[PDB]
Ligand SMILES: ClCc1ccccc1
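Only one chain is given next, in structure tokens, and it is the form solved without the ligand.
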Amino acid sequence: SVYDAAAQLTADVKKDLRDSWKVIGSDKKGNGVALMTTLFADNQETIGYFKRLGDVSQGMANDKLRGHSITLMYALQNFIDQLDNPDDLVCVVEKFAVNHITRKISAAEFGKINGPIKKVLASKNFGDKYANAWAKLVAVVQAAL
């Protein structure tokens, strides 16, 4: 249940999400591309889903990948901004879930983003505590897939 998952976002979890986002969200282009390139490097089996973006190995040099990556960071910005109101968080999460259901992405495969998130956070000196908080947010999307 997406509603039960959203209820898992306690005061402490919301605080950790906001605190780490202040840093990570300050460079959407840089960290967004870093997140995607890490996903492709660690889970090569997901590259097929991204055929529209072309040669993802080009990273920042690939205009489609850059546009996609920046936009992905605004979806996370959206989630963070809706933390105060569970009903609004749920409706935006369901909107993005549809974007992935149409691409045949399961909850299990969506969860593969947790590895990359932990690595990007770690590179900015945010440890397991923060990675776990972000995993709880990712779990809200998983509940809708």
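The first residue of the sequence shown is number 1, and the count goes up from there.
Omitted here: the form deposited with the ligand bound. The next part is about that form.
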{"query": "Check all three, 5, 82 and 89, heavy atom within 4.5 Å of the ligand in the deposited bound form", "finding": "no"}
{"query": "Residue 35 within 4.5 Å of the ligand in the deposited bound form, heavy atoms", "finding": "yes"}
{"query": "Partner contact for residue 120 in the deposited bound form: the ligand, 4.5 angstroms, heavy atom", "finding": "yes"}
{"query": "Members of 14-31 lying within 4.5 angstroms of the ligand, judged by heavy atom, in the deposited bound form", "finding": "20, 21, 24, 31"}
